[PDB]
Amino acid sequence: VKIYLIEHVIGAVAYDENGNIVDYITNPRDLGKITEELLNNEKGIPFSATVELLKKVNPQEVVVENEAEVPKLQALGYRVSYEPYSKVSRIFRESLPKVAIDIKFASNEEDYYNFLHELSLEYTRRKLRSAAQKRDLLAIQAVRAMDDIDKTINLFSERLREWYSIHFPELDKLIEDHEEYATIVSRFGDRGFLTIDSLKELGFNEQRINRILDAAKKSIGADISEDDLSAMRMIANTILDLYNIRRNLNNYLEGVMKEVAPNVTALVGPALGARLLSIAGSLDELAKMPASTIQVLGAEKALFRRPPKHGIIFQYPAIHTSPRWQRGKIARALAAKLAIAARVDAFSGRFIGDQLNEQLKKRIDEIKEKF
Amino acid sequence: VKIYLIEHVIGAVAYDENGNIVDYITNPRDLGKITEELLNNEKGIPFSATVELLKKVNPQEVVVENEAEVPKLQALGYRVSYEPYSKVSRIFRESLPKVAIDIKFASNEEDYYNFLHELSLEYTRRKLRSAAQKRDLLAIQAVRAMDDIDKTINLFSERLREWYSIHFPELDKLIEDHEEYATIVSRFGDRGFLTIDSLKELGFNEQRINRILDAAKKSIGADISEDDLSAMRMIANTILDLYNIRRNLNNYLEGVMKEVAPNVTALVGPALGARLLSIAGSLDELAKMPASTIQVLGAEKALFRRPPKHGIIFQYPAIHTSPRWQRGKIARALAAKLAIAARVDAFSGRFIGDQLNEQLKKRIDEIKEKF
Amino acid sequence: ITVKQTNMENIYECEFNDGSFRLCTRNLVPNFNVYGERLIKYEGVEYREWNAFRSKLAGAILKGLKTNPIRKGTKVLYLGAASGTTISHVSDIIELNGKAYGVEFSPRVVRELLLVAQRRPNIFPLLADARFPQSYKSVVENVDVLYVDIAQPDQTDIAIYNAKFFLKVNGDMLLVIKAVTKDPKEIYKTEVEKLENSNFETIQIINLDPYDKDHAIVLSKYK
Amino acid sequence: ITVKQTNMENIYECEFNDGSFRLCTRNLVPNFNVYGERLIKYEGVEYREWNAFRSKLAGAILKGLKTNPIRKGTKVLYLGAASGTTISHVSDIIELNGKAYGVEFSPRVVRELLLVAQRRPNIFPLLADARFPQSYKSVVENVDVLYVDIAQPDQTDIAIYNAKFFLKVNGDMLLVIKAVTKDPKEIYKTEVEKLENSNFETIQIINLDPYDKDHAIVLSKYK
Amino acid sequence: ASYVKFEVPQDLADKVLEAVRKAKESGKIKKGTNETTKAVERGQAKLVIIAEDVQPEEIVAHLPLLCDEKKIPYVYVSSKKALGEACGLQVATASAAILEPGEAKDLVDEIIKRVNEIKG
Amino acid sequence: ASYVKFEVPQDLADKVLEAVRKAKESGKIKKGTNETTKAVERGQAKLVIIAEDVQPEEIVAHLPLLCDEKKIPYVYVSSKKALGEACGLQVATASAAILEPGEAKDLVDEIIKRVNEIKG
RNA sequence: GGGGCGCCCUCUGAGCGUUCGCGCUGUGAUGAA
RNA sequence: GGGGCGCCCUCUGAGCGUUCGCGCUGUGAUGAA
Ligand SMILES: C[S@@+](CC[C@H](N)C(=O)[O-])C[C@H]1O[C@@H](n2cnc3c(N)ncnc32)[C@H](O)[C@@H]1O
Ligand SMILES: C[S@@+](CC[C@H](N)C(=O)[O-])C[C@H]1O[C@@H](n2cnc3c(N)ncnc32)[C@H](O)[C@@H]1O
């Protein structure tokens, strides 16, 4: 009765000599646990799922994929051997999309790879989590830049609107979106360069297209020449650049935020968590701030007894969607869980976002059901 | 005694049948006069230099280049004929670089073509001067954008410095120039990518190169990776873009300023003249402002009884270089000539900058010689 | 501007107004990519520019790679993922039904790979040493194509080791070798050719000059 | 990147990392040009990219123009100056010792020409109708090369008229004609060829396809 | 002169000069282009006097189109030297404005109603 | 536990518990991690009591390196359930701080001088 | 019981839901911007 | 936080240099930020 042991994201699977499943213990869909056990598997510590599996089989001889485990499994009193690229281990991976559903780790293929994705990202951030230290300050500079870009866009768009109104005054009130405005100035310039089919290539409904081109002929503005167009375009294209840079920094923000303080990120999001660090100064200084201090990180409201008052944290979809009277009780619950999330990332600990979100969800649901 | 008449920028030249100079009257090096007489030559009105030339020869028969003149010269009682591409007129233009010096219009070749350049620009702006109207408001938007860019650069450079100090704190105080700072971040990124020969390719003296690379190894800052570099570079390259856009708008500004209000421009410069129009609202509103109002276009100092007080106009090199006591008397003289310059461009008149600058120069010299 | 379908699946060519041709991939995730590569639209669909000088693979295609194993629904093990440029294009070629497991060593570069692998749900990034396939044996899956581009002197048998782990039978392998051009055929590359012939089958050896003046690619079938 | 001297004076070719060749001119005024054309340095000197698809002249050079009359110290009359792109390159070729008198009709475009002619002290811009050389007879000078690129049906004798005014004896003329390709030589272009042969001498007729799929250039010597 | 909108007879030209002279010792007037323009903008001006022989002409050409906007009539005088010495000055003036007529109240009211006829 | 800097005997552990109990009806104490941290920052705290069996450990791991900065001693207790009921509560507490000793002034002064010996 | 100087002044610190069994809670109840 | 009246509407407005001949000046003297 020789058993080949397979350890994987899905769990621990015991095979016979011919690639038939003998027994399995499935890993739970917790990112925090699987990540930590995977780091242990590198040193040779088996999954808790393996210990349970070996208990419910107690085989004559076990043969493991990884040579670092051999001593650690012999310590339990099993006869252990080691094959590297065993014909069994391959057969397992040959049918990996399926066996994940077969051992009931996932319901279908999509959410398995959707889990494996969230994992592959987390796992490879844990090996980064003992970071080249200073990473939090960079995220602060990243989120401050985003605020500096948003503040810049408004300045340039206002100037671009006031400039372009000389050629086309009707356009200023037709589109309140600063981006779309700059896009029209970029690819066209002169009013009489606009067509019906040229405007659909940007995603516009027919009810506004017939408002623009009807205003194009009925323009009160004066004729303009290519000096002014090339000059206006400089700002117009820069607005379009900044609009890209902002969206691109946001993608960079997520990559830093999930690396330096992943537990804070899982609660509030990347942007809100970043903006919290900005007020504190560093990650360590957020951990030293108790639950009561986090809740009031507006600093202007408390010093009186800021814009969107009682806590900067209320941008959270559960304090924004829910009515005005529930807001006091939720803000505490979030700040309490934020306190833990800060300290747990300050030690550079594991991932507890999957439980903390479920702990907050239970308490938000217990506030909504009390009338 | 048949004379071939040549009219040109240099003046009026009388030739014989074989291309020999008989007599000449040289045009004065005034852009305002030559431009206006050139517009008249299209309608057939001769240069005043021609009238003088024909007086000091009173020929038997004259033959002119342009057929529009024939009646206008017959009105004085001369026998006039018309050859289009006459062998004489060509011979004149065959030796045009030389005859300009020969008739003493210019001292050498360089300043002749340096005059012809200033002229060709002015002449072809006069035909534009009866314009497509609204041009002044565009210049206002152009100079306001330059102020909006300068205000933006400071915001991004400050953020870029604070961000990059995480990797290199020593660099922040080493170069106070915002541009040079962003250039280093753009082409290099990591500190250890800097060489001695790489820094000379930007124009640096050896006394600062040995300060930078000595600070590169002695860096207190933490190690950074290519996420942060690619993110920092986004801002760094945008700063470099804006630095170009500003210099490029300034070139556009000159082209509009010399077209819409060339007489104001010749006095103060393109930038100062533009910034004056910004406060007024339009060109017409500057003409309606009397000499006393122009002098006090700071608006904050007068309402008390702004930054660089007694007149915004003092940025003029003659009020800035000269000591503190002369400033009151010069500010009046400039504002008085600015008043004329505004009204003369509001009518869309000729060029009188060559006399106005000489009128101001005489009075500035009469203030400096009174102790 | 015009976009034309080429021999290889999910890979296109881009005709320009100035006449130049740059390789093209179907952008699997729209709106993004942002600052760096150039974004282009043609008849509704969004496409991404694939530079042949930065990507060794794109070099090989222009260099006349006869048969490309990477197509729609291909699962790949990419050893030498780096900053993500080249895999993002295989991410595009592979589409959502196929998968790209990427293994990169140096942290300085992986963090960039993460950002790329964030928005693309078919790329699975891994910080790991390719010399120890045991370290990711627990995360990855058996693949269809083995792409190996490591900065090592012993790439050839690092890949071979990885192959007998994850590469399917009858599968394919793209190796990158620091390889020079005359009129034999593959006698020049015998050192790395024969080392594979112990358990592999050589199909094409392609010298990347002048797209990459150092490296060459060996397409191989696993027995 | 590399910059190599070509047959024609003050005109260079630019080797790139991607292999493409773009025509090159010696930037007479450094620091500027800014946003639009690409700026490049090679061994101290700054060069400007000359695109062959925007410039009809640059088309003709790549199309195999045997002898170019525009060189160092050339004085030109440029009829059809437009937005200044193409003259800026002749400004570069001409250098400070030669001169470029540019005549453009529509104000909407001249204002752009001004900006170009501002920084370059060898370009002398003129808002004027080319049908009336009397209007600028008073400003310009006798030139060495007549470049004519007007959007008119009667260009051929508009240029001829201008030529007997300003073009030196033994001088040259570049005409642009809305001209189609077979195996005669110039029997196809006889309408505009013979019209010149009354007082000009034909040297080359060059069909600009595919750089400009409409126009063709006729290089001519004035007797 | 091209900035002269209407032909002015010499009789009304001298009757305008006398109307300003009387206001120098019985009322209040403003002398010079700068002050004259400041009077029309504020609305204190009742009548504006413009010299015909100003060079360059452009210095006062803004006044006629400014005075039409604030509904204040204006008259031309044939000489600037004759307007300068009339205003109690030793130099010539280009334009003058009246705020308080004084002893020339009936003399100004006759002028403003004589210029409105030659306008239209 | 890795956040435990020094080994604490059971005799001093129970003598610490008794020192807090006395201060609940004769002095003033603060209960809970949040308030305990607020006491050390302000400088009002005299002695800090930390539970050994807290999971996850990271919630209180900041206190020992905070108390060293503001020069305030701290002691560990073996149980959180035994610290919770001692503080007059029905639930467990992770950390407690003393501001006013009350009837445990001599009991606290003995504790602070016994922990300084096992530190160095 | 009444006033001038410096200091810690960076929410409060024990309750609430309940079917009266018991539940949620100092790993933060409740009261505020 | 909302509207009807007057006011400063955004310098002053006639002098200064001089060899005592006369010069620079309302197309802005002089006095101020
Ligand atoms: C030449 S680069 C590949 C470039 C890639 N095709 C691109 O452009 O995106 C090779 C990479 O392999 C990585 N590498 C080096 N040793 C490795 C190892 N032992 N295991 C996995 N990757 C390694 C290096 O970090 C290096 O960046
Ligand atoms: C085809 S464009 C020349 C393009 C030019 N080579 C360039 O790329 O910079 C011809 C120009 O001639 C101008 N033009 C038309 N009629 C003209 C005339 N009568 N005299 C002078 N120029 C004229 C037009 O404004 C038009 O822009």
# chains A, B, ... in the order shown; residues from 1 in each chain; ligands from 1
$ select_by_dssp --residues "segment 42-195 of chain B" --states "helix (DSSP H, G or I)" --output "PyMOL selection string"
chain B and resi 42-43+48-55+70-74+87-94+96-102+109-129+136-164+171-174+178-187+191-193
$ residues_near_ligand --ligand "ligand 1" --cutoff "8 Å" --atoms "only C-alpha atoms (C1' of nucleotides) and all ligand atoms" --output "VMD selection string"
chain C and resid 54 to 57 79 to 87 103 to 106 109 127 to 131 149 to 152
$ closest_residue --among "D:163, D:115, D:3, D:110" --to "ligand 2" --atoms "only C-alpha atoms and all ligand atoms"
D:110
$ select_by_dssp --residues "segment 141-217 of chain C" --states "strand (DSSP E or B)" --output "list in words"
residues 143, 144, 145, 146, 147, 148, 167, 168, 169, 170, 171, 172, 173, 174, 175, 176, 177, 200, 201, 202, 203, 204, 205, 206, 207, 216 and 217 of chain C
$ write_last_selection --atoms "N, CA and C atoms" --output "mmCIF file, in the first residue's frame"
data_model
loop_
_atom_site.group_PDB
_atom_site.id
_atom_site.type_symbol
_atom_site.label_atom_id
_atom_site.label_comp_id
_atom_site.auth_asym_id
_atom_site.auth_seq_id
_atom_site.Cartn_x
_atom_site.Cartn_y
_atom_site.Cartn_z
ATOM 1 N N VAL C 143 1.519 22.608 -18.567
ATOM 2 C CA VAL C 143 1.357 23.583 -19.644
ATOM 3 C C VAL C 143 1.546 22.980 -21.038
ATOM 4 N N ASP C 144 1.324 23.801 -22.065
ATOM 5 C CA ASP C 144 1.442 23.386 -23.466
ATOM 6 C C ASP C 144 2.715 23.897 -24.144
ATOM 7 N N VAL C 145 3.225 25.035 -23.670
ATOM 8 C CA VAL C 145 4.449 25.638 -24.212
ATOM 9 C C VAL C 145 5.367 26.131 -23.091
ATOM 10 N N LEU C 146 6.651 25.803 -23.210
ATOM 11 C CA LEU C 146 7.652 26.222 -22.244
ATOM 12 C C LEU C 146 8.542 27.303 -22.849
ATOM 13 N N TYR C 147 8.351 28.544 -22.405
ATOM 14 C CA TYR C 147 9.216 29.647 -22.808
ATOM 15 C C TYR C 147 10.279 29.878 -21.734
ATOM 16 N N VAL C 148 11.544 29.814 -22.138
ATOM 17 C CA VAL C 148 12.661 29.921 -21.204
ATOM 18 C C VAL C 148 13.659 30.986 -21.660
ATOM 19 N N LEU C 167 5.797 20.410 -18.652
ATOM 20 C CA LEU C 167 5.502 20.399 -20.088
ATOM 21 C C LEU C 167 4.811 19.104 -20.512
ATOM 22 N N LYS C 168 3.634 19.238 -21.120
ATOM 23 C CA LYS C 168 2.865 18.091 -21.611
ATOM 24 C C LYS C 168 3.631 17.300 -22.673
ATOM 25 N N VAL C 169 3.312 16.012 -22.785
ATOM 26 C CA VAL C 169 3.849 15.166 -23.848
ATOM 27 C C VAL C 169 3.329 15.692 -25.190
ATOM 28 N N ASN C 170 4.191 15.688 -26.208
ATOM 29 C CA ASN C 170 3.897 16.288 -27.523
ATOM 30 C C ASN C 170 3.810 17.817 -27.487
ATOM 31 N N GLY C 171 4.273 18.410 -26.390
ATOM 32 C CA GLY C 171 4.259 19.861 -26.230
ATOM 33 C C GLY C 171 5.444 20.536 -26.891
ATOM 34 N N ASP C 172 5.558 21.844 -26.685
ATOM 35 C CA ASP C 172 6.605 22.625 -27.328
ATOM 36 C C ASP C 172 7.411 23.471 -26.353
ATOM 37 N N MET C 173 8.599 23.882 -26.789
ATOM 38 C CA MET C 173 9.514 24.640 -25.947
ATOM 39 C C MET C 173 10.298 25.685 -26.732
ATOM 40 N N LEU C 174 10.243 26.925 -26.252
ATOM 41 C CA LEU C 174 11.034 28.022 -26.799
ATOM 42 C C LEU C 174 12.162 28.373 -25.837
ATOM 43 N N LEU C 175 13.390 28.048 -26.229
ATOM 44 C CA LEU C 175 14.564 28.341 -25.416
ATOM 45 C C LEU C 175 15.303 29.553 -25.972
ATOM 46 N N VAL C 176 15.922 30.327 -25.086
ATOM 47 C CA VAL C 176 16.720 31.484 -25.486
ATOM 48 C C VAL C 176 18.188 31.244 -25.131
ATOM 49 N N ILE C 177 19.051 31.301 -26.144
ATOM 50 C CA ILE C 177 20.472 30.967 -26.003
ATOM 51 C C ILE C 177 21.361 32.123 -26.461
ATOM 52 N N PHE C 200 14.542 15.512 -26.454
ATOM 53 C CA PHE C 200 13.740 16.509 -27.174
ATOM 54 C C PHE C 200 13.861 16.356 -28.688
ATOM 55 N N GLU C 201 13.087 17.152 -29.423
ATOM 56 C CA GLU C 201 13.157 17.180 -30.885
ATOM 57 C C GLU C 201 13.262 18.614 -31.395
ATOM 58 N N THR C 202 14.349 18.899 -32.108
ATOM 59 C CA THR C 202 14.604 20.226 -32.663
ATOM 60 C C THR C 202 13.737 20.473 -33.896
ATOM 61 N N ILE C 203 13.115 21.649 -33.951
ATOM 62 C CA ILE C 203 12.315 22.059 -35.107
ATOM 63 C C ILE C 203 12.962 23.243 -35.833
ATOM 64 N N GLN C 204 13.206 24.326 -35.097
ATOM 65 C CA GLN C 204 13.820 25.529 -35.658
ATOM 66 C C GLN C 204 14.831 26.171 -34.725
ATOM 67 N N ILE C 205 15.945 26.611 -35.300
ATOM 68 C CA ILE C 205 16.895 27.459 -34.593
ATOM 69 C C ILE C 205 16.945 28.790 -35.331
ATOM 70 N N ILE C 206 16.700 29.871 -34.599
ATOM 71 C CA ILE C 206 16.534 31.189 -35.196
ATOM 72 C C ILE C 206 17.459 32.214 -34.545
ATOM 73 N N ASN C 207 18.378 32.763 -35.332
ATOM 74 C CA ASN C 207 19.282 33.807 -34.862
ATOM 75 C C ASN C 207 18.586 35.159 -34.923
ATOM 76 N N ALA C 216 19.527 33.776 -29.518
ATOM 77 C CA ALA C 216 18.867 32.977 -30.542
ATOM 78 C C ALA C 216 17.843 32.054 -29.884
ATOM 79 N N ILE C 217 16.802 31.686 -30.624
ATOM 80 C CA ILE C 217 15.735 30.849 -30.075
ATOM 81 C C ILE C 217 15.699 29.462 -30.708
#
$ closest_residue --among "E:7, E:106, E:58, E:41" --to "chain B" --atoms "only C-alpha atoms"
E:58
$ interface_residues --of "chain H" --to "chain E" --cutoff "9 Å" --atoms "only C-alpha atoms (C1' of nucleotides)" --output "PyMOL selection string"
chain H and resi 9+13+25-28
$ residues_around --residues "segment 124-130 of chain A" --least-positions-apart "3" --cutoff "6 Å" --atoms "only C-alpha atoms (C1' of nucleotides)" --output "short mmCIF file (atom, residue, chain, number, x, y, z; two decimals) with C-alpha atoms, in the first residue's frame"
data_model
loop_
_atom_site.label_atom_id
_atom_site.label_comp_id
_atom_site.auth_asym_id
_atom_site.auth_seq_id
_atom_site.Cartn_x
_atom_site.Cartn_y
_atom_site.Cartn_z
CA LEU A 121 -0.63 37.78 -6.45
CA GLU A 259 2.48 44.76 -0.89
CA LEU C 126 5.54 33.95 -9.28
CA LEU C 127 8.67 35.14 -7.50
#
$ residues_around --residues "segment 22-29 of chain F" --least-positions-apart "4" --cutoff "12 Å" --atoms "only C-alpha atoms (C1' of nucleotides)" --output "number ranges by chain"
F: 15-18, 35-36, 39, 44-49, 85-89, 95-108; G: 13
$ interface_residues --of "chain B" --to "chain A" --cutoff "9 Å" --atoms "only C-alpha atoms" --output "PyMOL selection string"
chain B and resi 132-135+137-138+140-142+144-145+148-149+152+155-156+159-160+162-163+166+222-224+227-228+231-232+234-235+238+241-242+245+248-249+252+255-256
$ atom_distance --atom1 "atom CA of residue 360 of chain B" --atom2 "atom CA of residue 338 of chain B"
10.4 Å
$ interface_residues --of "chain B" --to "chain E" --cutoff "6 Å" --atoms "only C-alpha atoms" --output "PyMOL selection string"
chain B and resi 290+340+343-344
$ write_last_selection --atoms "N, CA, C and O atoms" --output "short mmCIF file (atom, residue, chain, number, x, y, z; two decimals), in the first residue's frame"
data_model
loop_
_atom_site.label_atom_id
_atom_site.label_comp_id
_atom_site.auth_asym_id
_atom_site.auth_seq_id
_atom_site.Cartn_x
_atom_site.Cartn_y
_atom_site.Cartn_z
N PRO B 290 -6.56 105.67 -19.77
CA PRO B 290 -5.61 106.77 -19.94
C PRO B 290 -4.24 106.45 -19.34
O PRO B 290 -4.09 105.47 -18.61
N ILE B 340 -0.38 105.80 -26.01
CA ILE B 340 -0.35 106.02 -27.46
C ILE B 340 -0.33 104.69 -28.20
O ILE B 340 -1.12 104.47 -29.12
N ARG B 343 -3.76 102.94 -28.29
CA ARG B 343 -4.74 103.60 -29.15
C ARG B 343 -4.41 103.47 -30.63
O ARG B 343 -5.31 103.38 -31.47
N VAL B 344 -3.11 103.45 -30.94
CA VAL B 344 -2.64 103.35 -32.32
C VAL B 344 -2.81 101.93 -32.87
O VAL B 344 -2.92 101.73 -34.08
#
$ closest_atom_pairs --of "chain C" --to "chain B" --cutoff "7 Å" --atoms "only C-alpha atoms" --output "Markdown table"
| residue | atom | partner | partner_atom | distance |
| --- | --- | --- | --- | --- |
| C:108 | CA | B:225 | CA | 4.6 |
| C:109 | CA | B:226 | CA | 6.3 |
| C:111 | CA | B:227 | CA | 6.3 |
| C:112 | CA | B:227 | CA | 5.3 |
$ write_last_selection --atoms "N, CA, C and O atoms" --output "PDB file, in the first residue's frame"
ATOM      1  N   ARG C 108      13.170  43.319  -7.695  1.00  0.00           N
ATOM      2  CA  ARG C 108      13.203  44.628  -8.342  1.00  0.00           C
ATOM      3  C   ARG C 108      12.345  44.685  -9.611  1.00  0.00           C
ATOM      4  O   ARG C 108      11.838  45.744  -9.982  1.00  0.00           O
ATOM      5  N   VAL C 109      12.178  43.534 -10.256  1.00  0.00           N
ATOM      6  CA  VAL C 109      11.459  43.442 -11.521  1.00  0.00           C
ATOM      7  C   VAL C 109      10.062  42.839 -11.353  1.00  0.00           C
ATOM      8  O   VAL C 109       9.134  43.219 -12.070  1.00  0.00           O
ATOM      9  N   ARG C 111       7.838  43.176  -9.009  1.00  0.00           N
ATOM     10  CA  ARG C 111       6.853  44.172  -8.604  1.00  0.00           C
ATOM     11  C   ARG C 111       6.189  44.829  -9.821  1.00  0.00           C
ATOM     12  O   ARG C 111       4.995  45.132  -9.785  1.00  0.00           O
ATOM     13  N   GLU C 112       6.963  45.027 -10.890  1.00  0.00           N
ATOM     14  CA  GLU C 112       6.433  45.531 -12.164  1.00  0.00           C
ATOM     15  C   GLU C 112       5.558  44.496 -12.849  1.00  0.00           C
ATOM     16  O   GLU C 112       4.516  44.839 -13.409  1.00  0.00           O
TER      17      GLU C 112
END
$ interface_residues --of "chain A" --to "chain G" --cutoff "6 Å" --atoms "only C-alpha atoms (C1' of nucleotides)" --output "PDB file with N, CA and C atoms, in the first residue's frame"
ATOM      1  N   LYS A 301     -12.489  68.964  12.296  1.00  0.00           N
ATOM      2  CA  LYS A 301     -13.754  68.886  13.028  1.00  0.00           C
ATOM      3  C   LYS A 301     -13.555  68.746  14.536  1.00  0.00           C
ATOM      4  N   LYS A 309     -17.298  65.744   6.750  1.00  0.00           N
ATOM      5  CA  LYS A 309     -16.799  65.806   8.129  1.00  0.00           C
ATOM      6  C   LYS A 309     -16.534  64.469   8.835  1.00  0.00           C
ATOM      7  N   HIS A 310     -17.443  64.081   9.737  1.00  0.00           N
ATOM      8  CA  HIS A 310     -17.253  62.978  10.706  1.00  0.00           C
ATOM      9  C   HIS A 310     -16.453  61.763  10.201  1.00  0.00           C
TER      10      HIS A 310
END
$ interface_residues --of "chain C" --to "chain D" --cutoff "10 Å" --atoms "only C-alpha atoms" --output "PyMOL selection string"
chain C and resi 17-20+51-53+210-211
$ residues_around --residues "residue 72 of chain D" --least-positions-apart "2" --cutoff "7 Å" --atoms "only C-alpha atoms (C1' of nucleotides)" --output "ChimeraX atom specification"
/D:9-10,74,93-95,98
$ residues_around --residues "residue 294 of chain A" --least-positions-apart "3" --cutoff "6 Å" --atoms "only C-alpha atoms (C1' of nucleotides)" --output "PyMOL selection string"
chain A and resi 291+297+335
$ atom_distance --atom1 "atom CA of residue 316 of chain A" --atom2 "atom CA of residue 328 of chain A"
13.0 Å
$ atom_distance --atom1 "atom CA of residue 239 of chain A" --atom2 "atom CA of residue 88 of chain C"
27.2 Å
$ decode --residues "segment 140-152 of chain A" --atoms "N, CA and C atoms" --output "mmCIF file, in the first residue's frame"
data_model
loop_
_atom_site.group_PDB
_atom_site.id
_atom_site.type_symbol
_atom_site.label_atom_id
_atom_site.label_comp_id
_atom_site.auth_asym_id
_atom_site.auth_seq_id
_atom_site.Cartn_x
_atom_site.Cartn_y
_atom_site.Cartn_z
ATOM 1 N N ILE A 140 2.513 56.959 -0.192
ATOM 2 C CA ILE A 140 2.063 58.289 0.226
ATOM 3 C C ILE A 140 2.334 59.306 -0.879
ATOM 4 N N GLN A 141 3.549 59.274 -1.419
ATOM 5 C CA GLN A 141 3.927 60.157 -2.515
ATOM 6 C C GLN A 141 3.120 59.872 -3.779
ATOM 7 N N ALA A 142 2.699 58.621 -3.946
ATOM 8 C CA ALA A 142 1.911 58.216 -5.106
ATOM 9 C C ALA A 142 0.483 58.753 -5.045
ATOM 10 N N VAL A 143 -0.144 58.645 -3.874
ATOM 11 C CA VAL A 143 -1.520 59.114 -3.683
ATOM 12 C C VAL A 143 -1.609 60.646 -3.606
ATOM 13 N N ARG A 144 -0.542 61.280 -3.122
ATOM 14 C CA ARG A 144 -0.456 62.740 -3.092
ATOM 15 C C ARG A 144 -0.303 63.306 -4.500
ATOM 16 N N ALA A 145 0.414 62.573 -5.350
ATOM 17 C CA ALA A 145 0.583 62.943 -6.750
ATOM 18 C C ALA A 145 -0.748 62.886 -7.490
ATOM 19 N N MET A 146 -1.554 61.876 -7.172
ATOM 20 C CA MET A 146 -2.881 61.720 -7.762
ATOM 21 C C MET A 146 -3.789 62.895 -7.408
ATOM 22 N N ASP A 147 -3.685 63.365 -6.165
ATOM 23 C CA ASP A 147 -4.385 64.568 -5.715
ATOM 24 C C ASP A 147 -3.813 65.819 -6.372
ATOM 25 N N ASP A 148 -2.511 65.798 -6.659
ATOM 26 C CA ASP A 148 -1.840 66.907 -7.342
ATOM 27 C C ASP A 148 -2.169 66.944 -8.831
ATOM 28 N N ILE A 149 -2.481 65.782 -9.399
ATOM 29 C CA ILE A 149 -2.874 65.687 -10.802
ATOM 30 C C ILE A 149 -4.326 66.126 -10.991
ATOM 31 N N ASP A 150 -5.212 65.632 -10.127
ATOM 32 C CA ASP A 150 -6.623 66.027 -10.135
ATOM 33 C C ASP A 150 -6.792 67.538 -9.968
ATOM 34 N N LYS A 151 -5.938 68.132 -9.137
ATOM 35 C CA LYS A 151 -5.953 69.570 -8.874
ATOM 36 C C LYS A 151 -5.409 70.327 -10.080
ATOM 37 N N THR A 152 -4.510 69.685 -10.822
ATOM 38 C CA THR A 152 -3.939 70.265 -12.036
ATOM 39 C C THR A 152 -4.928 70.212 -13.206
#
